[PDB]
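So this first bit is one chain, no partners, the form deposited in one PDB entry, shown in structure tokens.
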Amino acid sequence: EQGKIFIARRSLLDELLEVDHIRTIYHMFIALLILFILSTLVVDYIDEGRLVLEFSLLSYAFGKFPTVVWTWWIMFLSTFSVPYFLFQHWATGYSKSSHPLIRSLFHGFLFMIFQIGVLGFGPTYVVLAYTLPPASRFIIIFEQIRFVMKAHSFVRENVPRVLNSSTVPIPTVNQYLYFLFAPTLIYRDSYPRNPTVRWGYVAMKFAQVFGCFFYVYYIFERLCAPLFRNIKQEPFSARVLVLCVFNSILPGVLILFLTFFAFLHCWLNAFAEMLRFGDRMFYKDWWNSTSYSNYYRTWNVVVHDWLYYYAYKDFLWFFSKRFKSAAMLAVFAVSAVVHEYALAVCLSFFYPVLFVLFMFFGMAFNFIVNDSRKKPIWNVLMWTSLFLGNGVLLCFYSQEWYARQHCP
């Protein structure tokens, strides 16, 4: 059925990481991580005498931080007040008069030019006018598309209900506040309260997400930054770009895994415990995923739920009755254009090919294991080609940005 429910709980990681063999693999994994840090620390301290621990990268990357705090505050206050009060005025006075669609067409036009103007251009103009550095710029573009999705969902959940006619009004402001911080993008007034907020648990989960952030940063500074200096000096057409595309693969895997674990698990469980959200199904077991059609297991639940429910369903509605291939390629086109936009205005670079070649690589990987081929040779081949293929297109994107798009 179409909707959202609270069956799954507590996380898919927490479920496994107390099963004896997998728990002890996880404690060995943590033991290997902390010994990797202590090795790198005290073997480059005793050898050089510095204990450098360079805080150069993040100090530049976050750069103008008070301007992103200020524009996040006015963007939050906008998305909290003007969609709420505009929809409140609408629903209350719908069919008292205006038998033609004139009232709705005018009002929904005012809502659109709000969303495209204020919430589309306001973040994009303040981020490009001051020429924001990419990490602080990323936060503004990330939170922009978040608030655009929440504003769309809040008017998409309540607009079919009022027009099918008594006339169900807008929710309480005390529950709309809750939704704008809730671990989801689909609007509900139904969120089951777990018994209590564990203050020691959210202190531990915030220690975990800041621990994972500083670990990622430390590995990035120590292994990916010297690569970024030597692709910086002689960038153009070197055949020793091959040297570092065969040297960034293992750090690339560890950054992928710790960024996933930090943001999809530690962050969302900390916030979900403070709010007592209850669902906590924030990701599926992606690694077991085999193909796109029916049996896709997305690594990010909340984005796929929004994308399917509010793009696809309404695309298959208007387009045609049996061109389901035309509707799935239209969801790929909507995904491609918002991703290419997001990464392009984030990295100050138009290069549209990244997402569509990711989906061609996903077609290849899915194809080689979806012909009923369980055989571990094909699964090992899929994993090595996935890690190598992602590292190739990532450093080719970084090269094309840094060389041929820097020089004229």
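In this text, the rigid core denotes the largest set of C-alpha atoms whose superposition between the two forms falls within 1.5 Å. Residue positions are given as counts along the sequence shown, with the first one as 1.
In the record comparison, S190 is modelled in each of the other entries of this protein that model the residues flanking it, with no third of them omitting it. Annotation: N164 does not belong to the positions left without coordinates in a third of the other compared entries; each one with flanking residues models it. A chain break between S165 and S166 is present, corresponding to 4 to 9 residues of the deposited sequence without coordinates.
Omitted here: the form deposited in another entry. The next part is about that form.
Superposing the two forms on their core leaves just one of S153, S136, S248, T184 with a Cα displacement of at least 2 Å between the shown form and the other one, namely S248. With a cut-off of 2 Å and the rigid core superposed, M281 has a Cα displacement that falls short of the cut-off between the shown form and the other one. For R103, a C-alpha deviation below 2 angstroms is recorded between the shown form and the other one after rigid-core alignment.
After superposition on the rigid core, the Cα atom of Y295 is displaced by 2 Å or more between the shown form and the other one. Three angstroms is the minimum change: in the other form, the CA atoms of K232 and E221 sit farther apart than in this structure, by 3 Å or more.
With a change of no less than 3 Å, the CA-CA distance between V302 and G389 is smaller in the other form than in the form shown.
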